[PDB]
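Single-structure report; data block below.
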């Protein structure tokens with residue numbers, strides 16, 4: 001019955017500010033302590049601040065002091081986190097957490113809210129087919145690839161043969177290159193089926209509502 | 001600031017194996033204010049063990065925690081696949097509340113060499129005046145690997161972007177992709193492109209190259 005619902009993913013421009021929310025259900029936040037935790041990509045968890053929704057008393061971690069402001073509205077049973085003068089180092093996932101009055105039972109953490117700080121505009125991905133330059137890469141079998149360059153924002157969907165090929169597939173995590181994302185997906189198939197049967201990679205970029213198909217030769 | 005140090009940062013273990021990880025504080029805390037969290041990729045941190053040794057709701061019996069003062073530890077009697085995750089100890093004793101760097105627990109398996117593949121740029125990509133050479137190093141173990149790019153026997157480190165996947169969910173292997181990005185120009189002014197990789201699995205650096213055309 002206990003649950004913390006957080007506001008949706010956020011995309012913001014550097015210099016701006018944003019206000020995240022964490023609404024508690026199944027329990028009154030007045031009887032507890034609310035916390036906001038930040039987790040950078042691949043980094044560790046960092047406690048930011050705490051507040052007593054009962055008296056508004058707040059505690060901050062010095063490095064966040066000034067940049068972050070924690071508040072709470074017991075009437076709506078909600079806790080907020082305001083971040084100002086955003087920069088890329090503010091990009092991370094933010095979790096709100098309730099210090100339980102009874103640890104034993106219940107998941108007192110929120111799902112988290114992603115905050116991405118970029119000045120980049122929605123940009124469809126440039127899809128480039130990757131074919132083997134004629135060379136025995138591995139005994140018989142072969143490996144193909146697709147390069148998805150310069151797109152924004154994440155994510156994109158990379159399927160092979162629309163789905164008929166979901167074996168031996170390796171899609172690598174996107175990586176930032178000049179404010180845009182780049183990613184690559186490889187596909188392994190027995191030397192017997194290629195170039196026999198045709199192989200296409202299907203990329204889809206929701207944000208740009210574009211879907212490309214690239215055949216490999 | 002009470003500093004929490006977790007050790008080791010990354011550890012591997014086969015299933016059925018007993019596992020112990022530690023967490024030491026720079027200064028003493030109440031065993032009641034030390035908690036462990038489990039976090040799996042994409043999901044939010046979950047309370048695993050609270051107050052040093054109490055299992056949270058829904059936590060398997062093969063898990064146990066011990067300690068007091070400045071030394072704590074989390075133990076898994078028999079490791080299972082679903083146990084692979086990252087574990088964080090946390091002290092809610094004296095603010096600012098801290099977290100340890102966490103210990104990433106991975107599934108150990110037999111060593112495996114990477115199967116390399118070098119890929120020349122794309123005609124289509126060349127048409128735009130850009131050129132990216134991609135190298136795939138798939139299904140290997142351990143994760144430790146060192147890739148190097150050689151353009152005409154010369155080492156090139158400018159324009160390289162690497163990316164690794166997580167331990168495979170099925171065969172518990174790792175994969176990595178490395179991309180070297182140049183211009184139509186400075187790429188067309190070199191002949192040999194080399195993708196070199198040294199893995200525990202070999203003292204002889206694995207090489208995959210190609211010449212223009």
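Using square roots of five times the C-alpha gyration tensor eigenvalues, list the equivalent-ellipsoid semi-axes of the protein assembly as shown in whole Å, biggest first.
Each semi-axis is the square root of five times an eigenvalue, giving 44, 27, 19 Å.
Quickly rank B:95-106, A:135-146 as a protection proxy: mean count of other C-beta atoms within 10 Å, highest first.
Final packing ranking: B:95-106, A:135-146.
What is the distance in Å between the Cα centres of the range A:177-212 and the range B:162-213?
Centre-to-centre distance over Cα atoms comes out at 18 Å.
Which whole-number percent is the relative contact order of the range B:1-109 (Cα, under 8 Å, 6+ apart)?
So the answer I get is 39 percent.
Compute the projected area of the convex hull of the Cα atoms of chain B, averaged over all viewing directions, and report it in nm² to one decimal place.
15.2 nm²
Over the range B:110-212, what is the relative contact order in whole percent, taking alpha-carbon pairs under 8 Å and six or more residues apart?
Relative contact order for the range B:110-212 comes out at 32 percent.
Would you tell me the mean number of C-beta atoms belonging to other protein chains that fall within 10 Å of each C-beta in B:122-130, as a whole number?
So the per-residue partner count for this stretch is 4.
Measuring from the lowest to the highest alpha carbon on each principal axis, how far does the range B:121-213 reach, largest first, in angstroms?
Ordered largest first, the range B:121-213 gives principal extents of 40, 27, 22 Å.
Can you give the direction-averaged projected area of the convex hull of the alpha-carbon atoms in the range B:56-133, in nm²?
11.4 nm²
From the gyration tensor of the Cα coordinates in the range B:1-109, what semi-axes in whole Å does the equivalent ellipsoid have, largest first, with each one equal to sqrt(5λ)?
So the equivalent ellipsoid measures 22, 14, 13 Å along its semi-axes.
Could you bin all the Cα-Cα distances of the range A:114-217 into 10 Å bins starting at 0 and give me the percent of pairs in each, rounded to whole numbers?
For the range A:114-217, the pair-distance distribution reads 15, 46, 26, 11, 2.
Determine, at each q value in 0.15, 0.17, 0.20 (inverse angstroms), the log₁₀ of I(q)/I(0) that the Debye formula gives when each Cα of the range A:75-152 is one equal point scatterer.
These q points yield log10 I(q)/I(0) values of -0.80, -0.88, -1.02.
With each run of n ≥ 4 DSSP H residues scored as -39500 (n - 2.57), what mean residue ellipticity at 222 nm is computed for the protein assembly as shown after dividing by its residue count and rounding to the nearest 500 deg cm²/dmol?
-500 deg cm²/dmol
Kirkwood Rh over Cα pairs of the range A:1-119 into Stokes-Einstein at 4 °C, 1.567 mPa s: D in µm²/s?
90 µm²/s
Would you mind calculating the gained length between residue A:119 and residue A:43 on full extension (0.36 nm times residue separation, minus the Cα-Cα distance), in nm to one decimal?
Here the segment from residue A:119 to residue A:43 would lengthen by 25.1 nm.
Taking the alpha-carbon set of chain A, what are its Rg and Dmax in Å?
Considering chain A through its Cα atoms, Rg and Dmax are 23.0, 72 Å.
Give me the extension gain from residue A:102 to residue A:25: residue separation times 0.36 nm, minus the current Cα-Cα distance, reported in nm with one decimal.
Value of the extension gain: 26.2 nm.
Given the range B:1-105, what percent of its DSSP beta bridges are antiparallel, to the nearest 5?
95 percent
How long is the gain from residue A:136 to residue A:5 if the chain were fully straight, where each residue apart is worth 0.36 nm and the alpha carbon distance is subtracted?
41.9 nm
Since every read-out is calculated from the coordinates, none of them should be taken as a lab result. Neighbour counts are summed over all protein chains in view; Cβ atoms, including those assigned to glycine, are modelled from backbone coordinates with ideal geometry.
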